[PDB]
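1. Here is the input, now give the coordinates:
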Amino acid sequence: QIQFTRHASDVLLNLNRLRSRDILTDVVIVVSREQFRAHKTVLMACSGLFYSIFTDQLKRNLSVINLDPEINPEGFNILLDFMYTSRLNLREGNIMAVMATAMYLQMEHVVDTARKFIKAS
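-> Residues are numbered from 1 along each chain as shown. Sure, structure below:
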């Protein structure tokens, strides 16, 4: 009956507040020695790669995930912030790292956007 189009944005804002206070985080993502705590549910909801990892009954219970050593942690940090905020921070010197990380994480819409911003620069 009544759709509240703001509701999902308010939910996401609160999920980000939980992340900043490390509440109910259940996984550490290790990217070239750098560590990032997150919620598996949010990771699965945003990334085809994390969806594939955690949908596997054998990997669903893992609390540490080590990404491919070629992944740039600066790019992962920007993508993780995007997952929890809907805001993609693109600076001249980070756009290629953002594009490559988004491709690895299978976030095709972020890839397309970063592509337009490289060409525009």
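2. For the rest of this, base every contact and every neighbour count on C-alpha atoms.
-> OK.
3. Quick check: which element contains residue 14?
-> helix 7-20 (DSSP states H and E).
4. Who are the packing partners of that helix?
-> helix 73-85 (3 or more Cα pairs under 8 Å, 6 or more residues apart in numbering; DSSP states H and E).
5. Buried residues, the helix it packs on. List them.
-> 73, 75, 76, 77, 78, 79, 80, 83, 84 (16 or more other Cα atoms under 10 Å).
6. Could you pull out the helices in the protein for me?
-> For the chain, the helices defined by DSSP state H occupy 7-20, 40-46, 48-55, 73-85, 95-104, 108-120.
7. So which of those is the most surrounded?
-> Mean neighbour count (mean count of other Cα atoms under 10 Å) peaks for helix 95-104 among the helices of the chain, with a mean of 21.
8. one step back: please state the offset of the helix holding residue 14 from the chain centre?
-> 14 Å (Cα atoms, centre = their mean, to the nearest Å).
9. what is the orientation angle of that helix with helix 73-85?
-> 130 degrees (axes from the mean of the first three to the mean of the last three Cα atoms, to 10 degrees).
10. can you tell me how far the one residue sitting closest to the centre of the chain sits from residue 31?
-> Centrality entry for the chain: nearest residue to the mean C-alpha point is residue 80, 3.4 Å, by Cα atoms, centre = their mean. Here the criterion is Cα to Cα, to the nearest Å. By it, residue 80 lies 12 Å from residue 31.
11. How about residue 12?
-> Per Cα to Cα, residue 12 is found 24 Å from residue 31.
12. Repeat that for residue 10.
-> 29 Å.
13. Let me know whether residue 37 touches residue 23 as I believe.
-> No - the pair residue 37 and residue 23 does not pass the contact test of Cα atoms under 8 Å, sitting 9.9 Å apart.
14. what touches both of those two?
-> Shared contacts of residue 37 and residue 23 (Cα atoms under 8 Å, 6 or more residues apart in numbering): none.
15. out of the two, which sits in the more crowded spot?
-> residue 37 (19 against 14; other Cα atoms under 10 Å).
16. what's across from the more buried one in the sheet?
-> residue 28 (DSSP bridges).
17. Next up, the contacts around it.
-> By Cα under 8 Å, 6+ apart, residue 37 lies in contact with 19, 22, 25, 26, 27, 28, 29.
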